[PDB]
Amino acid sequence: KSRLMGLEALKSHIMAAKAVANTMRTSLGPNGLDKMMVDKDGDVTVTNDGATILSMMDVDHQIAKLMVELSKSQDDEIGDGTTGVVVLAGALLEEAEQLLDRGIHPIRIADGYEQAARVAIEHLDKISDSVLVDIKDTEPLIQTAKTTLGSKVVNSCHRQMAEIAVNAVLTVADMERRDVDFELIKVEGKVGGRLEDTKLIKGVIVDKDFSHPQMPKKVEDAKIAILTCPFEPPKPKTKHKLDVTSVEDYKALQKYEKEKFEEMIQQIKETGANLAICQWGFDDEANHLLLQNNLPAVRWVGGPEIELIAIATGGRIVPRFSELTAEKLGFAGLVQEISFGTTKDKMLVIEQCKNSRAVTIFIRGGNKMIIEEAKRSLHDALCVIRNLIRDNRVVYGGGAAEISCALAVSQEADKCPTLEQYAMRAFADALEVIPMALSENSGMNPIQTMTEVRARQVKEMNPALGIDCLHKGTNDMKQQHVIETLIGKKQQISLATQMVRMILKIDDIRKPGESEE
Amino acid sequence: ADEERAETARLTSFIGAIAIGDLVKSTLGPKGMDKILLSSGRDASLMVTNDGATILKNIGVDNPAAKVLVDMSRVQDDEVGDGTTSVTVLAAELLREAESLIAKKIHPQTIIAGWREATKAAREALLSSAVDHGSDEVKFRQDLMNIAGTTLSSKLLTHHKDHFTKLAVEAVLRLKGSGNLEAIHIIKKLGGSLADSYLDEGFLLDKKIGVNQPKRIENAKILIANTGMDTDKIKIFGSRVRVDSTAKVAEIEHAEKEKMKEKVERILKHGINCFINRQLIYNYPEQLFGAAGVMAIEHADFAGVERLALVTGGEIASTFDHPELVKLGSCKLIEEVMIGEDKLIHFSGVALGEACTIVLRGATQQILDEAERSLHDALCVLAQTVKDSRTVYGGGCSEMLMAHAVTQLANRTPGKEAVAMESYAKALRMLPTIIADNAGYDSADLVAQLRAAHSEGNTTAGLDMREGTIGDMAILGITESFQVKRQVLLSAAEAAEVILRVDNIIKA
Amino acid sequence: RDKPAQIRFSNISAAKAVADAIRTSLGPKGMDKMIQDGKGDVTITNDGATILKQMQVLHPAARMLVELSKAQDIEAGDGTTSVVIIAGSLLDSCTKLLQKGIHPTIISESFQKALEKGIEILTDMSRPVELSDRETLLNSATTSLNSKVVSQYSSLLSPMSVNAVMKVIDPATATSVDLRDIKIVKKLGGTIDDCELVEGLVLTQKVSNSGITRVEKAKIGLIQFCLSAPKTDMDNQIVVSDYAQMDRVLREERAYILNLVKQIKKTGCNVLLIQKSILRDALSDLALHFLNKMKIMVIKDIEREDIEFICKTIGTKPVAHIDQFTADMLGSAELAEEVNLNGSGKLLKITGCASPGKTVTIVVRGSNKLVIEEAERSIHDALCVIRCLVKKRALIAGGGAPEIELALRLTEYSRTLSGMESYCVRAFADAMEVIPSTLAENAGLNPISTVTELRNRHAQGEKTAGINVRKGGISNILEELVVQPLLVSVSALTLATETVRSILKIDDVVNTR
Amino acid sequence: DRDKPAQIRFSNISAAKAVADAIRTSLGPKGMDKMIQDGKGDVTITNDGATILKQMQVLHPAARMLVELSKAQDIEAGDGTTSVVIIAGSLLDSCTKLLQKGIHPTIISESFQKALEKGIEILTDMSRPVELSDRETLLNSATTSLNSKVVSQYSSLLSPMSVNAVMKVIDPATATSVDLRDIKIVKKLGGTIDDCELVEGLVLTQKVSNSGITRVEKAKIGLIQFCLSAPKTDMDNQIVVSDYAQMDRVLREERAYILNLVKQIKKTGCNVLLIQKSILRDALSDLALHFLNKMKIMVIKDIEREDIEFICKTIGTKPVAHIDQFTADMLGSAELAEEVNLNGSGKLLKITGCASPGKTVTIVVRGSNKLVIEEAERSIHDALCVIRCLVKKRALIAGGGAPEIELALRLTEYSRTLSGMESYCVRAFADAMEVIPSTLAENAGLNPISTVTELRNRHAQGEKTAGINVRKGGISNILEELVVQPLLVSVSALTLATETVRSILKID
């Protein structure tokens, strides 16, 4: 193997970092552009969100992967900011190289970059500081939602998606809990729908339907028998199997399994139920007994999936048929199969007018790509809105905020005596990378766009005026309603510095080559 | 991983789509060039193609931009009708003009918004040029004949075209909207008629009826079932084991013959003399059915049966143990006819109403399949003309008109997209140049004069480029409906734009 | 792009170059081929017709040549080599016009206009013989025989052909009579003298032993059923594990079949013909020997040809199992003949069959396997020449001499046409004059001089005379026994015009993945 | 396109930077001497920036501006010849960045003059007036400048003498400009530095005349630029020889000619004549010279073309290049003409007191050994150049490289407030400035980037604080040890530099 140190170490780091940064910058913001990429599987995957791009690519060098991990934590915490964090990171490394050839050591760069980002978080704290009750939040929240949904491409008739999301963060969450609720949130997508229909499911959906249409399409409030019992083959982990031969053993078996299935239906119905959810579903044979002792049932529920339905409804468990009682039965308001807007979408809902401790956000779209795109718009949208329900502190994106901060950092950069001063000013140009890269997306030259925004930040010292981010020929960020959470941008700025600071610190590299994954 | 960088991704995107583009552009418009597809990599053959569906699917895509477009256009052909040639050619022509833009250095979003606003201008101008010709229903019939006539030609058919104009117009007209593979079911067979197609009154089924089962059934009552035995039925007293030594191999085969007789008694109970099963059995099982006197008609079609069910009030649905579960269909005679020189069992008793069956006769299977696809696209265009009975004059006359209107607005309206609005207009006019030189007229001269004429209000005169001349399109009939063109334009602009947006391709 | 220009130039180069090699036709010219294959086998070839059908290529443009020959055989059955060589002329036209700046779509159009005019002029020069009249048919048949290998078996063959086609015939000048009705069977034994025309339907098959029905009365059998017997399709409870137990099962199996074949004979069967594909083993191999005894004919694993002819002509339809008795949907018949002749040959003749007013069969006989081959080719062409008259009548010059003649008349019609298309057709008139030229050229040495000369001698004779192409010498070519049917040369032009046109039509590379 | 100037311009920049790199390590008193190989194979040891560029440069178009740039510096200040190259190359580093970004060259050239106009403001506020009519103030500012120059050993003795020449040529409070077009550097063999003196009139080179008078008072300054003999034949004389007779015939013409000329000069009234060489005048006669001296007229024969043009302006003794033009107007008025053979051996003509426009002083610089004379010639030059710079521009600024950081910092902040597309240009320009004090600190010996980071922070808080100090090698106040430079010497470095960078950017 080879020992890479110093210049060898930092040269490699720019080469790896940039490759990721270039795709992200050309997919940045609501003026952002779709990237149609092919795998070696003959398939085609159409992406735009920064996280899916990181999952897709396995480009050389460790530095690629370190950005991948970083983005994943942030999808849960903030949501969006996935494109933004990585493009800002590569800007730091381009500037560091400019200062590195001048003769500046990377530890100088490292401390001054960390110190500059603290100037910027203080600037961004000024813009809002409001925390308001949940009802009042709902109009600002919907305006934020447009933007976020817009940065996964298209946002026209996507106003349902925003209005269902305010309900979705409220139910699962408290106002000052200060914890995550996206493991309580189930995202669901099914092909054949529309992007113009978005529904809020205050229970849970199983993709399964009734065993017969002849069985009733309504079931009472509560009385759900949660079961692990077979009415079809359960596929046993036992071993050597044997089959029936001839007419006589065939007949004996058939009458046996029919006899046992009728006894089972009766004991469920006696302890009080009108919905059987059974792990191992229903056979053609089993249908006959179940209509005859009349009890709606769902055929098949996954092994783990049965747990997820229990916690969500708050219902009280019954593990198995061996464990039947009338003191423990699950919760419902109604059990009915729902046709959303088409008969191509058939999900069967166990919906709650009782306790709900999870929310299923059911979004539809007519084809595979359309649901993919819609799920990722909506989850990220939900997450940014959860930061804002708690504390409704809002800043206007589009790079306006960054320009103001760039002015603030650049001044504060030079008023310290230490050798960091040069780093700190490069930090100010590095914040500017984001309206510069937005411009590439807009259809505008990178350079003059930033300096138009800048004059307007010399006046106010607040983002609410800027340039185009939807494209409509306005010079406003408050008549465009381009809005991101305050914690969210603050998060892209602090995370990116924290990460790149490890990368400047490490110049001790054992690779044979220059990169290994 | 592999990273194909910012210039290079866009270059792959342009050449790939251009190459596939040039295959469907020859057939498109009036008679010019055709494709004869050369097959050697799957199998060694030559194929006579004229439909865009065949050309585009059969040749793979291994250029990543190329994949997206062939999938969008194929679905448009099903719905819209003639979306295969139309969507692909225009999408390709737009990328050519992107190539220009980009080297010059215009940003991809200027191009994307210029093309898009220009699509909105084209659509508004197509609405302007389109006017009704379905204000009396007999006048409506005639409007539909023109539209139909246009689709059918410039697709190789010998004399099956002449029938189809009248056929498609009849089928659509009576039904009003919707699909029309339910109002005319396409049974394809070879006959002694070289390229003739007619309207059957009944449903006729190919297969000879031999043996003791009689060829003439009188007083049919049909029991409809969609499943049945493949050739052997398994059941309660059907399940046995009789095989475990080498001589016991013939004994089980004996036994399977017996299982055939068990299925016969199932129908015998119903007392329904005509049982239809969708699958074919063999000649030997047939003797059992015919003997009992509950006749099995095998190799039945779903489409045929559906034709009878609608007029009689029967139901097409499985489950049989009694005939009260599944409603009955009727015919008088199911009589063995010979049509062509092939012997057919022909159901006759009901005629028309909600469905007809159309029997095509050729001598090659290729002719039937080719004929169906031509026809198919036509029926779809005519489906849309019932809803919006506007019609707009084409042949390349439409495409220049919208382009003139887009050039006028291209100067006035935008702040930076001027260059791109014009590029959109020039790409519509690319289609009428290519066909000019196949015809024996000068491309340059055609696009530069009549364009001002038709725009000023001579919408009738348009491009007749199967002779290289200016002809009336109201009298010559090279006019297609408003709907079909509006949707393929929409589609093609979106498709180009999608792949124009792509500045890096990563391959993992 | 650059994909359409280069493909058209090479594909045209590549067919045409092979067509140059191939053009050595008529008479003794070029030098033999002993061929080392791409798979390492020794193959020897002669005759232009036989080669072209056989030819194994993978160049898309050259495949057109293979299949062009086959269509010609089906419509004409004459001019199979001829149609390819004149197609190579049209290709020669296509390059010169690309250089001039006449676009490819235009050159397609012109082929149609070349066809329309040309065939009309062929009909003009032609002397219209009657297609139902024997004398003129008899002369014409001699022309085709004497141009093939025979010159002494020709005597026998001319009259049998006029009779054969007479059976199938339809009065009109419209398309009728085919080799889907003219059935051609081979038989080892007999001689070219003994060849026999049976006006009904005779099928070629092999029949077990000698000692079977050769007399009148038959019910013709078209069956699709396997027997029911022990260890066949009926139950047995006797399970073998011994040679002895094996012997019992087979004995009782064959025994029941001896009874069965009597019910087959009760029907009137003296002919039974078994299906091609089994439903277990079909009628067992034991059944066939028992059937032979009843005096009833066999063939299991029947050819495809027989199944098509029986059903169509005689109306013969499948029948139910024998234990269940036969359904009686079988056609009429009155002869079961096993044709033995000079100690060899097994055959079925069906006389008193129902007919639709078509369908003849000629039996082709020869005492040795090569001697059958010699009758067979020669007769094929003699049947086909008379055939071509019913489909479309008349006689024009033969050997491909009216395509040379047509060239003079046709130049004039292009000039006065005065289109875009005129130049393409005029250039094709000059290309049809190369066909005796190109034929000779390849053989030897000194090419140029003879090549120009043959075009002078034919041209100068005018619109009614030129050089003959089966005797040489400038003499009247329209009737002199150097004739062929109108159908042969019009058909040849037609087929050529379509296949060639297709090369021009493509654009850009295409190769399915 | 403008692609090919783009490619040419980068190549030119890179060549110019490389030549400029050698001079960054030759900068200031602590500069590293450069051993330079000529195309003549001689090693030349210099630490003066300007002559390195001149003596051999590469054949690229930006390299040539550098010779020109420092040549312009010499006439304008005479000082900062080394420093002016430093800022030029440093700016061209900044430009590549702008270009790639998409700031067009036209923008960078107007912004670079705009930034000079903006730079000069910040500089002046720092500057502080001194008297220009007082001897002592000009001397302290000149003395500080001399320690910084390469030459210093005898510059102590030459500094009060440098001011004295300049003080006489300052007569109003504006202090004129003071060029070297009035202060004349004349050298004389023999003598010491203490023997050097300021002669009121002009001192002229050589002195040919030993038959003439040697001291004449109340003299009239006459100027010859006409011949003293009839024209060439083959010698400067009309006389030539090739036969005994041949010389006689020319002599008849010559003899007549020499008497009328010598007499004509005397009739108008002259007692000083200034005569040039026998290769700069087409004829002169030894015979005419013997008589011309013996009429009792004081003659210097042999003097330069440069000298003759010099005298004509300064002492108002205007051209007389013909007989017709000796009139009274042309003549000067000298108070004394005198031979001096003391204070250095050899004889020179002193005219002490002269009627002159302006006022013209001459310093006869002198020394014991040949190399002593040359060191003092350098020393007055350095000393005088700084005085002239301060009388033009009354205020005084610091040296040591501190002003250069102080402008930059202000120019960054102001640019951001102003904003605009040109913001990037003025910000990068200010950072171009940061290179030169940094490059200086390295030569003084202390880690360079660390030095210039710290001085920025001292300027930000305090302003007028630390600078590069020659004792310390590093960071100590220049307020405690006066390091001064005249205001014009820094204005010159910047404005000339920008103009050169402007031409190269504009150049295709």
# chains A, B, ... in the order shown; residues from 1 in each chain; ligands from 1
>>> residues_around(residues="residue 343 (chain B)", least_positions_apart="6", cutoff="8 Å", atoms="only C-alpha atoms", output="list in words")
residues 206, 207, 208, 336 and 337 of chain B
>>> write_last_selection(atoms="C-alpha atoms", output="mmCIF file, in the first residue's frame")
data_model
loop_
_atom_site.group_PDB
_atom_site.id
_atom_site.type_symbol
_atom_site.label_atom_id
_atom_site.label_comp_id
_atom_site.auth_asym_id
_atom_site.auth_seq_id
_atom_site.Cartn_x
_atom_site.Cartn_y
_atom_site.Cartn_z
ATOM 1 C CA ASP B 206 -62.432 -21.654 -36.384
ATOM 2 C CA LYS B 207 -61.956 -25.391 -35.684
ATOM 3 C CA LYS B 208 -63.434 -28.412 -37.553
ATOM 4 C CA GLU B 336 -70.758 -25.867 -39.755
ATOM 5 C CA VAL B 337 -70.167 -23.345 -42.592
#
>>> select_by_dssp(residues="region 7-191 of chain D", states="strand (DSSP E or B)", output="VMD selection string")
chain D and resid 34 to 37 43 to 46 128 to 129 183 to 190
>>> write_last_selection(atoms="N, CA, C and O atoms", output="PDB file, in the first residue's frame")
ATOM      1  N   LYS D  34      19.599  38.522  -8.137  1.00  0.00           N
ATOM      2  CA  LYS D  34      19.174  37.560  -9.236  1.00  0.00           C
ATOM      3  C   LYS D  34      20.335  37.473 -10.119  1.00  0.00           C
ATOM      4  O   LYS D  34      20.804  38.548 -10.520  1.00  0.00           O
ATOM      5  N   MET D  35      20.760  36.266 -10.403  1.00  0.00           N
ATOM      6  CA  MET D  35      21.865  36.104 -11.337  1.00  0.00           C
ATOM      7  C   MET D  35      21.283  35.753 -12.637  1.00  0.00           C
ATOM      8  O   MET D  35      20.564  34.726 -12.780  1.00  0.00           O
ATOM      9  N   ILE D  36      21.416  36.624 -13.624  1.00  0.00           N
ATOM     10  CA  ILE D  36      20.741  36.674 -14.881  1.00  0.00           C
ATOM     11  C   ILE D  36      21.681  36.408 -16.013  1.00  0.00           C
ATOM     12  O   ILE D  36      22.653  37.208 -16.262  1.00  0.00           O
ATOM     13  N   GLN D  37      21.370  35.395 -16.855  1.00  0.00           N
ATOM     14  CA  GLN D  37      22.076  34.990 -18.016  1.00  0.00           C
ATOM     15  C   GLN D  37      21.439  35.547 -19.238  1.00  0.00           C
ATOM     16  O   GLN D  37      20.329  35.131 -19.640  1.00  0.00           O
ATOM     17  N   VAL D  43      26.786  36.882 -16.722  1.00  0.00           N
ATOM     18  CA  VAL D  43      25.970  36.843 -15.513  1.00  0.00           C
ATOM     19  C   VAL D  43      25.946  38.228 -14.985  1.00  0.00           C
ATOM     20  O   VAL D  43      26.949  38.846 -14.843  1.00  0.00           O
ATOM     21  N   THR D  44      24.720  38.772 -14.664  1.00  0.00           N
ATOM     22  CA  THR D  44      24.441  40.113 -14.327  1.00  0.00           C
ATOM     23  C   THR D  44      23.671  39.905 -13.025  1.00  0.00           C
ATOM     24  O   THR D  44      22.790  39.087 -12.911  1.00  0.00           O
ATOM     25  N   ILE D  45      24.162  40.661 -12.034  1.00  0.00           N
ATOM     26  CA  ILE D  45      23.797  40.600 -10.646  1.00  0.00           C
ATOM     27  C   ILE D  45      23.062  41.873 -10.418  1.00  0.00           C
ATOM     28  O   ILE D  45      23.659  42.971 -10.499  1.00  0.00           O
ATOM     29  N   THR D  46      21.740  41.864 -10.155  1.00  0.00           N
ATOM     30  CA  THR D  46      20.993  43.088  -9.991  1.00  0.00           C
ATOM     31  C   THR D  46      20.025  42.857  -8.920  1.00  0.00           C
ATOM     32  O   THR D  46      19.759  41.683  -8.538  1.00  0.00           O
ATOM     33  N   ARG D 128      -0.501  63.118   5.244  1.00  0.00           N
ATOM     34  CA  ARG D 128      -0.339  64.218   6.234  1.00  0.00           C
ATOM     35  C   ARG D 128       0.606  65.252   5.677  1.00  0.00           C
ATOM     36  O   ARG D 128       1.732  64.845   5.378  1.00  0.00           O
ATOM     37  N   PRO D 129       0.254  66.552   5.497  1.00  0.00           N
ATOM     38  CA  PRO D 129       1.053  67.551   4.871  1.00  0.00           C
ATOM     39  C   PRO D 129       2.364  67.915   5.625  1.00  0.00           C
ATOM     40  O   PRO D 129       2.515  67.821   6.851  1.00  0.00           O
ATOM     41  N   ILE D 183      17.072  69.600 -13.638  1.00  0.00           N
ATOM     42  CA  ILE D 183      18.180  69.220 -12.779  1.00  0.00           C
ATOM     43  C   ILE D 183      19.040  68.286 -13.647  1.00  0.00           C
ATOM     44  O   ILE D 183      18.571  67.292 -14.170  1.00  0.00           O
ATOM     45  N   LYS D 184      20.320  68.650 -13.782  1.00  0.00           N
ATOM     46  CA  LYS D 184      21.300  68.043 -14.677  1.00  0.00           C
ATOM     47  C   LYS D 184      22.363  67.391 -13.812  1.00  0.00           C
ATOM     48  O   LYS D 184      22.923  68.025 -12.931  1.00  0.00           O
ATOM     49  N   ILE D 185      22.655  66.103 -14.170  1.00  0.00           N
ATOM     50  CA  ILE D 185      23.585  65.199 -13.578  1.00  0.00           C
ATOM     51  C   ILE D 185      24.808  65.170 -14.505  1.00  0.00           C
ATOM     52  O   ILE D 185      24.727  64.703 -15.618  1.00  0.00           O
ATOM     53  N   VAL D 186      25.889  65.747 -13.989  1.00  0.00           N
ATOM     54  CA  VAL D 186      27.153  65.864 -14.723  1.00  0.00           C
ATOM     55  C   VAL D 186      28.114  65.269 -13.857  1.00  0.00           C
ATOM     56  O   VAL D 186      27.973  65.372 -12.614  1.00  0.00           O
ATOM     57  N   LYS D 187      29.141  64.559 -14.451  1.00  0.00           N
ATOM     58  CA  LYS D 187      30.153  63.834 -13.634  1.00  0.00           C
ATOM     59  C   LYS D 187      31.445  64.486 -13.970  1.00  0.00           C
ATOM     60  O   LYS D 187      31.597  65.007 -15.072  1.00  0.00           O
ATOM     61  N   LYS D 188      32.478  64.377 -13.072  1.00  0.00           N
ATOM     62  CA  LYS D 188      33.795  64.943 -13.397  1.00  0.00           C
ATOM     63  C   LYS D 188      34.854  63.972 -12.773  1.00  0.00           C
ATOM     64  O   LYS D 188      34.679  63.601 -11.622  1.00  0.00           O
ATOM     65  N   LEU D 189      36.008  63.638 -13.494  1.00  0.00           N
ATOM     66  CA  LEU D 189      37.098  62.798 -13.044  1.00  0.00           C
ATOM     67  C   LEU D 189      37.805  63.575 -11.970  1.00  0.00           C
ATOM     68  O   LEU D 189      37.944  64.773 -12.040  1.00  0.00           O
ATOM     69  N   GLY D 190      38.253  62.729 -10.981  1.00  0.00           N
ATOM     70  CA  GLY D 190      38.966  63.236  -9.854  1.00  0.00           C
ATOM     71  C   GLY D 190      37.987  63.894  -8.880  1.00  0.00           C
ATOM     72  O   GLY D 190      36.763  64.026  -9.148  1.00  0.00           O
TER      73      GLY D 190
END
>>> residues_around(residues="region 72-86 of chain B", least_positions_apart="4", cutoff="10 Å", atoms="only C-alpha atoms", output="PyMOL selection string")
chain B and resi 21+23-29+50-57+67-68+90-91+151+179+373-384+431+483-489+491-492+494-495
>>> atom_distance(atom1="CA of residue 89 (chain D)", atom2="CA of residue 20 (chain D)")
6.1 Å
>>> residues_around(residues="residue 366 (chain C)", least_positions_apart="6", cutoff="10 Å", atoms="only C-alpha atoms", output="PyMOL selection string")
chain C and resi 186-195+372-376
>>> interface_residues(of="chain C", to="chain B", cutoff="7 Å", atoms="only C-alpha atoms", output="mmCIF file with C-alpha atoms, in the first residue's frame")
data_model
loop_
_atom_site.group_PDB
_atom_site.id
_atom_site.type_symbol
_atom_site.label_atom_id
_atom_site.label_comp_id
_atom_site.auth_asym_id
_atom_site.auth_seq_id
_atom_site.Cartn_x
_atom_site.Cartn_y
_atom_site.Cartn_z
ATOM 1 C CA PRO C 60 -30.342 -8.563 -45.604
ATOM 2 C CA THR C 105 -38.268 7.783 -53.121
ATOM 3 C CA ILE C 106 -38.490 8.952 -56.743
ATOM 4 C CA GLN C 224 -58.092 -39.385 -35.369
ATOM 5 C CA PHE C 225 -58.274 -42.076 -32.696
ATOM 6 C CA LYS C 231 -52.477 -51.935 -21.744
ATOM 7 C CA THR C 232 -53.543 -49.412 -24.362
ATOM 8 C CA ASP C 233 -56.539 -47.209 -23.398
ATOM 9 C CA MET C 234 -58.847 -49.850 -21.670
ATOM 10 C CA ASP C 235 -58.285 -51.115 -18.019
ATOM 11 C CA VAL C 239 -49.247 -55.889 -13.733
ATOM 12 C CA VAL C 240 -46.016 -57.341 -15.199
ATOM 13 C CA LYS C 317 -63.876 -35.523 -41.904
ATOM 14 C CA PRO C 318 -62.579 -37.265 -38.579
ATOM 15 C CA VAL C 319 -64.689 -40.266 -37.063
ATOM 16 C CA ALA C 320 -65.432 -41.603 -33.618
ATOM 17 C CA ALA C 327 -69.453 -41.671 -37.241
ATOM 18 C CA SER C 502 -37.628 -2.011 -50.854
ATOM 19 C CA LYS C 505 -37.008 2.766 -49.106
ATOM 20 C CA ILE C 506 -34.995 2.208 -45.825
ATOM 21 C CA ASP C 507 -33.237 4.937 -43.941
ATOM 22 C CA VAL C 510 -31.675 -0.885 -38.097
ATOM 23 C CA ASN C 511 -30.794 -4.039 -36.162
ATOM 24 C CA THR C 512 -33.149 -5.552 -33.606
ATOM 25 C CA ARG C 513 -31.565 -6.106 -30.148
#
>>> closest_residue(among="A:102, A:316, A:472, A:212", to="chain D", atoms="only C-alpha atoms")
A:102
>>> closest_residue(among="A:503, A:370, A:100, A:335", to="chain D", atoms="only C-alpha atoms")
A:100
>>> interface_residues(of="chain A", to="chain D", cutoff="8 Å", atoms="only C-alpha atoms", output="ChimeraX atom specification")
/A:103-104,407,411,414-419,421-422,446-448,451-452,454-455,458
>>> residues_around(residues="residue 134 (chain A)", least_positions_apart="4", cutoff="9 Å", atoms="only C-alpha atoms", output="PyMOL selection string")
chain A and resi 138+166+170+175+389-390
>>> write_last_selection(atoms="C-alpha atoms", output="compact mmCIF listing (two decimals), in the first residue's frame")
# COMPACT_ATOMS: atom_id res chain seq x y z
CA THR A 138 -51.99 26.21 9.67
CA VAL A 166 -50.96 19.72 9.07
CA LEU A 170 -50.83 17.30 15.01
CA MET A 175 -46.23 20.87 20.76
CA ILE A 389 -45.39 23.10 14.58
CA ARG A 390 -43.23 22.99 17.60
>>> atom_distance(atom1="CA of residue 345 (chain B)", atom2="CA of residue 205 (chain B)")
5.3 Å
>>> residues_around(residues="residue 76 (chain C)", least_positions_apart="6", cutoff="12 Å", atoms="only C-alpha atoms", output="JSON, numbers by chain")
{"C": [69, 70, 82, 83, 175, 176, 177, 178, 179, 380, 381, 382, 383, 384, 385, 386, 387, 388, 389, 390, 391, 392, 393, 484, 485, 486, 487, 488, 489, 490, 491, 492, 494, 495]}
>>> interface_residues(of="chain A", to="chain B", cutoff="8 Å", atoms="only C-alpha atoms", output="PyMOL selection string")
chain A and resi 19+23+26+33-40+44+56-60+245-247+250-251+440-444
>>> atom_distance(atom1="CA of residue 222 (chain B)", atom2="CA of residue 330 (chain B)")
6.0 Å
>>> residues_around(residues="region 206-220 of chain C", least_positions_apart="6", cutoff="6 Å", atoms="only C-alpha atoms", output="number ranges by chain")
C: 268-271, 295, 298, 333-338, 346
>>> select_by_dssp(residues="region 327-410 of chain A", states="alpha helix (DSSP H)", output="JSON, numbers by chain")
{"A": [368, 369, 370, 371, 372, 373, 374, 375, 376, 377, 378, 379, 380, 381, 382, 383, 384, 385, 386, 387, 388, 389, 390, 400, 401, 402, 403, 404, 405, 406, 407, 408, 409, 410]}
>>> closest_atom_pairs(of="region 105-195 of chain C", to="region 452-473 of chain C", cutoff="12 Å", atoms="only C-alpha atoms", output="JSON lines")
{"residue": "C:121", "atom": "CA", "partner": "C:463", "partner_atom": "CA", "distance": 10.6}
{"residue": "C:122", "atom": "CA", "partner": "C:463", "partner_atom": "CA", "distance": 11.2}
{"residue": "C:124", "atom": "CA", "partner": "C:463", "partner_atom": "CA", "distance": 10.8}
{"residue": "C:125", "atom": "CA", "partner": "C:464", "partner_atom": "CA", "distance": 7.6}
{"residue": "C:126", "atom": "CA", "partner": "C:464", "partner_atom": "CA", "distance": 10.2}
{"residue": "C:127", "atom": "CA", "partner": "C:464", "partner_atom": "CA", "distance": 11.6}
{"residue": "C:143", "atom": "CA", "partner": "C:470", "partner_atom": "CA", "distance": 10.1}
{"residue": "C:144", "atom": "CA", "partner": "C:470", "partner_atom": "CA", "distance": 11.2}
{"residue": "C:146", "atom": "CA", "partner": "C:470", "partner_atom": "CA", "distance": 10.2}
{"residue": "C:147", "atom": "CA", "partner": "C:470", "partner_atom": "CA", "distance": 8.0}
{"residue": "C:148", "atom": "CA", "partner": "C:470", "partner_atom": "CA", "distance": 11.4}
